[PDB]
Amino acid sequence: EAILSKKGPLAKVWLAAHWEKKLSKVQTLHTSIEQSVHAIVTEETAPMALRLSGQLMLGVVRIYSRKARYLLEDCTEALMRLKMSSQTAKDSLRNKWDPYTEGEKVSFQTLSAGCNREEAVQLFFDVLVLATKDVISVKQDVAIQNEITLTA
Amino acid sequence: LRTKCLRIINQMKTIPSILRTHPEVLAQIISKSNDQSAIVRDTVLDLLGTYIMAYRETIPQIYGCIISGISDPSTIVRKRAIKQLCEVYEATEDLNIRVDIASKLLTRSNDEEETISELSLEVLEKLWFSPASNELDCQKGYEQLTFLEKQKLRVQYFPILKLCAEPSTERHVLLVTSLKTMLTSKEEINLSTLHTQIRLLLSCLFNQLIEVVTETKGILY
Amino acid sequence: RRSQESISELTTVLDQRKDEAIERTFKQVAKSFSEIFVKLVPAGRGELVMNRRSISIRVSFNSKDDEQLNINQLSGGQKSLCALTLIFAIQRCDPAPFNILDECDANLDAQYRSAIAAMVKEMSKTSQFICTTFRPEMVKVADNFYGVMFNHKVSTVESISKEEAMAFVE
Amino acid sequence: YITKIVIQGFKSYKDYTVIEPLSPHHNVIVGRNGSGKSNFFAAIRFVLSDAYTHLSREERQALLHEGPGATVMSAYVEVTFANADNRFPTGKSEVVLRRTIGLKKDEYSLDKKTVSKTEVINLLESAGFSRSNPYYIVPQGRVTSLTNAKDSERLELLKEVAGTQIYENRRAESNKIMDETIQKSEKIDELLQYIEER
Amino acid sequence: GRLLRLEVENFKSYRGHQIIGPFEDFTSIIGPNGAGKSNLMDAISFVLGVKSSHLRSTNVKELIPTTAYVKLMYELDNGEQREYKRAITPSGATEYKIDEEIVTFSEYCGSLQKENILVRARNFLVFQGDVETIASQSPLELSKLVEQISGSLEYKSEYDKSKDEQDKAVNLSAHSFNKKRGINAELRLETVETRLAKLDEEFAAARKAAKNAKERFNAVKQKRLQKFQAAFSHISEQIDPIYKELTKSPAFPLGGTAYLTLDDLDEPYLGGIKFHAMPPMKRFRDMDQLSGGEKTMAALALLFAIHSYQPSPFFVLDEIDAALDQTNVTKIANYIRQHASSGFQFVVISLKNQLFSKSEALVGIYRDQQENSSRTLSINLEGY
Amino acid sequence: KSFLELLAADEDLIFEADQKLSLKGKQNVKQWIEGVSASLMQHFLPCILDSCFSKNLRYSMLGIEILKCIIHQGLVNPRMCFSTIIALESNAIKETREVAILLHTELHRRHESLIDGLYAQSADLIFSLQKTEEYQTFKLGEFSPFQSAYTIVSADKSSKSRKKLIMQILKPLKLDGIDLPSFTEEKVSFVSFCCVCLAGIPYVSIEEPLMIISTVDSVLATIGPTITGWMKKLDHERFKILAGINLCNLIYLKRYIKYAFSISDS
DNA sequence: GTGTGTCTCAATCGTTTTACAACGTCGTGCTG
Ligand SMILES: Nc1ncnc2c1ncn2[C@@H]1O[C@H](COP(=O)(O)OP(=O)(O)O)[C@@H](O)[C@H]1O
Ligand SMILES: Nc1ncnc2c1ncn2[C@@H]1O[C@H](COP(=O)(O)OP(=O)(O)O)[C@@H](O)[C@H]1O
Ligand code: BEF
Ligand code: BEF
């Protein structure tokens, strides 16, 4: 719960890792390590992931370093001090029995706009999709123009 | 070390009387008005403000090293130089230098930083038609009582007319855009308060315009 | 010194946890991909296989067998479909925040666009979507519609509700 | 989820434009062929991504509005998130972010708190976001992305969604810190042995 | 004249000897996704000999189930059906062929180029999702493209080699005269006179070499500039009328503008051909922060402007309408409809029914699941 | 006056902006209009920037106002009309040397690429304005029309662009010898104009003319002692005198460069 | 009740590293 409140030392080390090295003086530096390790080793807060564990590891090692440095400084001082439509087309074809060519399936389909343009091209795209999924076997290379036979 | 010393003397003596005995030392800091360090620039602007507050008789020959800072790249020098122009404007009485305050203010209506375009307006507002006295509320102009005609509104009124008389098409547009931007103020009360002051002005000029029906070529214009 | 040895223990346990997390997340995303892709097409197999390292997206557009159909030799439409299946499965395993889609209807057909629309309906039930198109299939699923217009050298945004699904399709 | 956005001064967006508190489910945007969609998504990416970083003078000027009204100096985008606990500072139920850009300044922020860049980077990193080119965002016509890249990059994206890159980075950094401490500890031991003798 | 037939066996996803039929003016490829519908453009690009990397594949064994070949037949406005056949021999090599006689690339490319088909710089082709990156690349490669259309690359090689010869000669002669003024300036001893005589003769030799090299340079530069200036002059006078024809919709009867500028009028190869465009309701911005639709329109206008210089016999378009609304796709459809003639053959692949709904011939492509052979049919749009 | 007032409607949103911002900053609670102007300038551009060099001040000043507006709104490609700004930078009265510098310092602040080499082209225009035949001998000391150009670009660490423009001026300084016999008086009068424009300009550094003197000694070495046995021999041609006079103009400048800063030794 | 004296927020002036763009180096794919 270290993100929410300031109870556990996990919150303090989280602040140390999250914000910066500062805003944690000597008087609040002297915290615990074993508690922090046994708090990170168990399952973390509301985000169940690993990223927060990585940040916490950075924080604990930074605190470790700073405390060791302070100990070094004190020891140096102590030394100094002691030194002293695809359906609509599928339906028309589903009904009509084999054999049937394209010209005739077009003949029984009249698009609402009356143009032998969009009706025909939509009919064509349609028979393409139908042939694309196992409806019709077709044949056109017999050197006869517009001679596609269409059969289930 | 040069930064520290001029930073120290900015509050050290609290008496510009040292410069009553050392005008050559004052001449030293006048030379550093164009240093590259943006920090030392404002220090010169602060010291030179203080020197006018007491040793007032140096309005003209000092004035030059003041407006030379408003057209500078740093914001600190501009945001400081402006506030000194405020104090100088009241203590001075030559209208011919008052107009030079205004032209250099309106020119900085827009700037690269937003805050310069912010401060520049209220410091202008504070001068032109927002006096700081009594008898400024709940009344109109009347006939030559309490000597407000030639002693109060002559700072509220006079430097206007000589700034709006420029036939240059820049002046006639730089003003009118600024006035509307001044209207959208901080909205504690935004309309009625500014009204009362300028309704006085709009009637005040009007009294001098009632002179046109009680009377001269350029004056009317 | 005791603090030092404890943080060494911490590094070890966290490394172990990382490795098990990698394994389980790979397994889950693989299963999710296979399910979504078999849902999209009436007949096909899709699966991911990690290489021998610690990936190769063996796609197949048929049911019986592949003919070593090498990726980026298939089509534009098929690989666009594969990319969408990938991101949608990754988000199915773990909910991602506020995903955004700019003109996914590029080289698809009617049927694929309808199947995209239905699965993105379900994914909208689970998470947050914003997208842009021009076609009638993606439009019928948002239940919250917008609109932009450009006039006087400025672009403005508005909010409209029904007219767009008949005005900017047909 | 995220509720409403304000953009002003941005490219093809002069004045003060706000979008409604949009719905948490699917949303669509429709308009003309060349107006204000790619710019909208570019603004959303601008406020929250790793892009527009290695900019320059003409770049940090390229993304302002150039028009006849008046020379514009700065621009800002601000988003509003209605989180519950996904973002770590759960004390704030409605977090807000904004990034202002002048011709010679940029500042990230939090709820009017003007923090530096590294902190908002760390904030978005603790949340479930990704710093680099994010998979959940696809720009114009770039949809054929994660189907033709080199497959080691696909392993990279998978290790990204599992969250391990930053883990390795901080682990190595911690190792460096450990080396500094091991030298300092050797010093400490020698000095205290001298103490003990004296 | 135009493309007439294509007979191909065992191409990628085409098993058996298929025959692709009549190609009238402005034919349209059509079919569902993922089944044919661009292997035809691929086979055209393979006949028109090109590297595999521009195609979707990355080798030459990967287009098959045995060794294959593509054979194209072309008309030359005088009845002659000249055929070009390119095969793939085992182990990965290849053999080109014209009229069933084995011929190396040289005469292939030559007798192909004589019909205004530049293959070293392919321009008549466009690939899926590459229309908008024709007007957005740096200016140096646009200059490279227009220069490849000029056909002056040996001129470029002689140019830059001669420039290296000529900075070398001039800087060496500069330091040479520096040392001469140095040495002779101290003269007032055999040392200075040997230095005089030998350095003078050395500098005279370097001078003769420099003068000769200047001549060679002036020759190659004169030829290169003749060709480049001819090309640029004829192209940069024709882009704005066709751009205004492209972008003048009924909504905006003042379409827009387009400019091709360069920095040094005398030495143009340094700064690339900068190119900018202005849609109807828009101010001046460079080709970087422009959007997708205007990028597409500008690229198509640029290609048509190229076509105004040297006409190509055919023109193959893939999905050029990826990011366009209805207005301008209807506009470009009307343009292509009223511009195709005996000199131009537009073969267009697209899905939007409004676009190809008014073609002359259609080639639809299906995929029989039994053989996985993406077979195809074709039909006319004249009886209706 | 009609054209300028027409364009002014789009720019009148400067205080009509605040007339509208009184409903925008403080909110209330055929589509040709935007595209009539941006076309009818390009159909009449090539006369606009020709009028600016006339002696009729009212005509001129009321031409430069239009040019001040077009670039400010960006209605025509600035690339086509940038080669006339520099020709208005110096060769006029003082009343216009402000605005030209202002536009020339506006584009270089935020565009930097649409204008980077055009100086080489535009310098042909200035020399094309003033006539020089047996008169107006380009003696050193005059106001070089780029006196401000180097200043405006040098307001940064421009270790590159400062070098770029001077390259665009020295383009005829070296003698490429496009055809060694054929050079005309106006053609070498051109290069003599380019000499003085390099002379009278101060610099922030000292290194950049040291390569310039390195170039002029090359042409001194390369082609000079060719004609050395020509002038002294019966002088009956114009091939050399159209060049040798030009060649001896280089020692003039090179001598002025040794005194340009009095720091070069030889 | 008025001056106090201490705590907390904003610009700016050297460093630093860090992204970026130019330049040889190989290795696969062909064609003669
Ligand atoms: N810096 C800019 N300032 C103003 N407008 C811009 C800027 N950059 C691009 N634009 C304009 O923004 C529009 C782009 O809108 P976009 O959303 O890109 O169009 P599409 O609808 O194709 O996505 C174009 O008109 C473009 O010119
Ligand atoms: N060498 C090959 N042998 C058999 N099939 C192939 C071969 N190479 C590619 N394919 C298949 O051919 C089909 C390509 O069809 P294409 O015409 O490329 O699709 P699009 O409709 O996007 O143009 C894909 O299924 C691809 O996998
Ligand atoms: F690859 Be093909 F154009 F669909
Ligand atoms: F129309 Be945007 F560029 F997708």
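Judging from the entry metadata, cryo-EM is the method by which this structure was determined, and 3.94 Å is the reported resolution.

The title assigned to this entry in its PDB record is "Cohesin complex with loader gripping DNA".

If you check the PDB entry, chain C appears there as Structural maintenance of chromosomes protein 3 from Schizosaccharomyces pombe.

For chain C, the count of helices and strands is four helices and six strands. If you list the helices and strands of chain C from N to C, you get α-β-β-α-β-α-β-β-β-α. For 170 residues, the compact-globule estimate of 2.2 N^0.38 gives 15 Å, and chain C exceeds it by more than 25% at 22 Å. Taken along its principal axes, the extent of the C-alpha atoms in chain C is 70 × 50 × 30 Å. Sorting the 170 residues of chain C into buried and exposed places 51% on the buried side. Counting every atom, chain C has about 9,000 Å² of accessible surface; 51% of that belongs to carbon and sulfur. Placing the 22 positive and 23 negative side-chain charges of chain C at their respective mean positions leaves the two points 5 Å apart.

For any pair of aromatic rings, the description rests on two quantities: the centre-to-centre distance and the angle between the ring planes. One pass over the structure, following the stated rule, counts 31 aromatic pairs over all chains. Linked through ring pairs, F98 of chain C together with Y1, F81, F129, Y135 and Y136 of chain D together constitute an aromatic cluster. Here the basic side chain of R99 of chain D rests over the ring of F46 of chain D, its NZ or CZ set 4.1 Å away from the ring centre. A cation sits over an aromatic face here: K163 of chain E above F217 of chain E, 2.9 Å from the ring centre.

Bringing the interface of chain C and chain D into the picture now. With 57 residues of chain C at the contact, the number on the chain D side is 58 residues. When the two sides are added together, the surface that chain C and chain D hide from each other amounts to roughly 5,700 Å², 67% of it contributed by carbon and sulfur. At the boundary of chain C and chain D, one finds one salt bridge. Its salt-bridge partner being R171 of chain D, residue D15 of chain C comes within 2.7 Å of it at the nearest N-O pair. Counting across the chain C and chain D interface gives 19 residue pairs in polar contact. Taken together, the residues of the side of chain C that touches chain D sort by class into 34 nonpolar, 14 polar and nine charged.

Let's shift gears to the site of ligand 2. Around ligand 2 sit 18 residues, and of these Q73 of chain C together with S13, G36, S38 and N39 of chain E come closest. Proximal residues around ligand 2 fall on chains C and E, making this an inter-chain site. Note that an oxygen atom of ligand 2 is positioned 2.6 Å from one of the side-chain N or O atoms of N39 of chain E. Protein contact buries 93% of the 580 Å² of open area that ligand 2 shows by itself. Looking at the shell around ligand 2 residue by residue, the classes come out as five nonpolar, eight polar and five charged.

Turning our eyes to something else, we now look at the protein's contact with DNA strand G. Near DNA strand G, the surroundings consist of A38, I39, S74 and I76 of chain B, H54 and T114 of chain D together with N59, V60, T94, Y96, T104 and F105 of chain E. When atoms of DNA strand G within 4 Å of the protein are sorted by moiety, sugar and phosphate together comprise 100%. Take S74 of chain B: an N or O atom from its side chain is 2.9 Å from a phosphate oxygen of DNA strand G. Listed by contribution, the elements that provide at least two residues to the surface near DNA strand G are α4 (38-54) of chain B together with β6 (94-98) of chain E. Here the residues of the surface near DNA strand G are counted per class, giving six nonpolar, six polar and no charged.

Residue and element names in this part refer to chain D. Here we have five strands laid out as an open sheet, ordered β2-β1-β4-β5-β6, and antiparallel in their pairing. Single-partner strands in this sheet number two, and they are β2 (17-18) and β6 (106-109). Contacts between helix α1 (residues 38-47) and the sheet are confined to β1 (5-8), β4 (75-81) and β5 (95-101), with β4 contributing the most and set at about 80° to the helix.

This paragraph deals with the interface of chain A and chain C. Listed per partner, the contact involves 15 residues of chain A and 14 residues of chain C. Buried area between chain A and chain C, summed over both chains or domains, comes out near 1,200 Å², and the portion from carbon and sulfur atoms is 74%. A per-residue breakdown of the area chain A buries against chain C is headed by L50, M57 and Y64 of chain A, which together make up 39% of the total. With a shortest N-O distance of 2.8 Å, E43 of chain A and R17 of chain C are connected by a salt bridge. At the junction of chain A and chain C, the tally comes to three residue pairs in polar contact. Broken down by secondary-structure element, the contributors of at least two residues to the side of chain A that touches chain C are α3 (34-40) and α4 (51-83) of chain A. Sort the elements by how many residues they give to the side of chain A that touches chain C and α4 of chain A lands first, with six residues. Taken together, the residues that form the side of chain A that touches chain C break down as ten nonpolar, two polar and three charged.

The next thing to look at is the site of ligand 1. The environment of ligand 1 is formed by 18 residues, the closest being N33, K37, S38 and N39 of chain D together with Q289 of chain E. Residues near ligand 1 are shared among chains D and E, making this a multi-chain site. Contact distances for ligand 1 include 3.1 Å between an oxygen atom and a side-chain N or O atom of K282 of chain E. Between ligand 1 and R285 of chain E there is a distance of 3.1 Å, counted from a nitrogen atom to a side-chain nitrogen or oxygen. Compared with its free state, where it exposes 580 Å², ligand 1 has 93% of that area covered by protein. Residue composition of the shell around ligand 1, by class: two nonpolar, eleven polar and five charged.

Time to look at helix α4 (residues 151-161) of chain D. When we look at burial in α4 of chain D, the residues that qualify are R154, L155, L157 and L158 of chain D. Seen from one end, α4 of chain D has its buried residues packed into an arc of 160°, which puts them on one side. Where α4 of chain D is buried, its residues contact α1 (2-40), β2 (56-60) and α2 (76-93) of chain C. Phi for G163 of chain D, located one or two positions after α4 of chain D, is positive at around 70°.

Here we come to the side chain of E119 of chain D. Tracing the backbone shows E119 of chain D in helix α3 (residues 117-126). Buried and unpaired, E119 of chain D has no salt bridge, with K22 of chain A as the nearest side chain of opposite charge at 6.3 Å. Setting aside residues up to four positions removed in sequence, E119 of chain D forms contacts with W19 and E20 of chain A.

Looking now at the pattern of salt bridges. One pass over the structure, following the stated rule, counts 35 salt bridges over all chains. Of the charged contacts, one joins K186 of chain B and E118 of chain B as a salt bridge, the two residues approaching to 2.5 Å between their closest N and O atoms. Note that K186 of chain B is positioned in the loop between α11 (171-183) and α12 (192-210) and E118 of chain B in helix α8 (residues 116-128), a separation of 68 residues in sequence. Accessibility expressed as a relative area gives 54% for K186 of chain B, which makes it exposed. By relative accessible area, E118 of chain B is classed as partly exposed at 29%. When salt bridges with common partners are traced through the structure, they connect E66 of chain D together with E106, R109 and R110 of chain F into a single cluster.

Residue and element names in this part refer to chain B. Where α4 meets helix α5 (residues 59-67), the axes come as close as 11 Å, and the angle between the chain directions of the two elements is 155°. Taken together, the axes of α4 and α5 are roughly antiparallel relative to one another. In the packing of α4 onto α5, the handedness of the crossing is left-handed. Contacts between α4 and α5 involve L45, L48, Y51 and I52 on the former and, on the latter, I62, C65 and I66. Taken together, the residues of the contact of α4 with α5 sort by class into seven nonpolar, no polar and no charged.

What follows covers the packing of helix α1 (residues 9-18) of chain A against α4 of chain A. All names here are of chain A. Interaxial distance between α1 and α4 falls to 8 Å at its minimum, and their mutual angle equals 90°. By the angle between their axes, α1 is roughly perpendicular relative to α4. For the pair α1 and α4, contact is made by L10, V13, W14, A16 and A17 and by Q55, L56, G59, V60, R62 and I63, respectively. When grouped by side-chain class, the residues that make up the contact of α1 with α4 number eight nonpolar, two polar and one charged.

The rules behind each value
- Numbers on residues come from counting from 1 along each chain's written sequence, not from the entry itself, and any residue without coordinates is not displayed.
- Note on labels: chains are lettered from A, ligands numbered from 1, in written order.
- Here we see some chains out of a larger assembly; the values all refer to those chains and nothing more.
- In computing side-chain properties, one takes all heavy atoms of the structure into account and sets aside hydrogens as well as water.
- Comment: elements are numbered from the N terminus, with helices defined as DSSP H or I runs of at least four residues and strands as E runs of at least two.
- It is over C-alpha atoms that the radius of gyration is taken, and the globule rule equals 2.2 Å times the number of residues to the power 0.38.
- When accessible area is computed with a 1.4 Å probe and restricted to protein chains, residues below 20% of their type maximum are described as buried, those above 50% as exposed, and intermediate ones as partly exposed.
- What sets the accessible areas is the Shrake-Rupley method with a 1.4 Å probe; for residues, cover comes only from the shown protein chains.
- Charge assignment: positive for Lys and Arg, negative for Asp and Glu; neither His nor the chain ends contribute.
- Every charge is mapped onto a representative atom, which is NZ of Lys, CZ of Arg, CG of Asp or CD of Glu.
- Note on aromatic contacts: the rings of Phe and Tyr and the six-membered ring of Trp form a pair at centre separations within 6.5 Å, being stacked when their planes are under 30 degrees apart, edge-to-face when over 60 apart, and tilted otherwise.
- By definition, being over a ring means that NZ of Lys or CZ of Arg is both within 6 Å of the ring centre and within 35 degrees of the ring normal.
- In this description, contact between two residues means that some pair of their heavy atoms is separated by no more than 4.5 Å.
- By buried area we mean how much accessible surface two parts lose on assembly, using a 1.4 Å probe and totalling the loss over both.
- Throughout this description, the term salt bridge denotes a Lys or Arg side-chain nitrogen within 4 Å of a carboxyl oxygen of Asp or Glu.
- Counted as a polar contact is a pair of N or O atoms within 3.5 Å, where, for protein atoms, one must be capable of donating a hydrogen and the other of accepting one, and residues adjacent in sequence contribute only when both atoms are in side chains.
- Under the scheme applied here, ten amino acids are nonpolar (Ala, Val, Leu, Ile, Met, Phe, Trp, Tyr, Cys and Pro), four are charged (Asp, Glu, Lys and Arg), and all others, including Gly, are polar.
- Proximity criterion: a residue is near a molecule or strand once any of its heavy atoms comes within 4 Å of it.
- Pairing between strands is defined by DSSP: at least two bridges between them are needed.
- Note on geometry: axes are lines fitted to C-alpha atoms, helical ones only across the stretch in contact, with angles between N-to-C directions running from 0 to 180 degrees.
- The arc in question is the one traced by the directions running from the helix axis out to the C-beta atoms.
- By definition in this entry, angles of less than 35 degrees are roughly parallel, angles greater than 145 are roughly antiparallel, angles of 65 to 115 are roughly perpendicular, and the rest are oblique.
- Take the far helix as your reference; a near helix turned counterclockwise from it by less than a right angle gives a left-handed crossing, and one turned clockwise gives a right-handed crossing.

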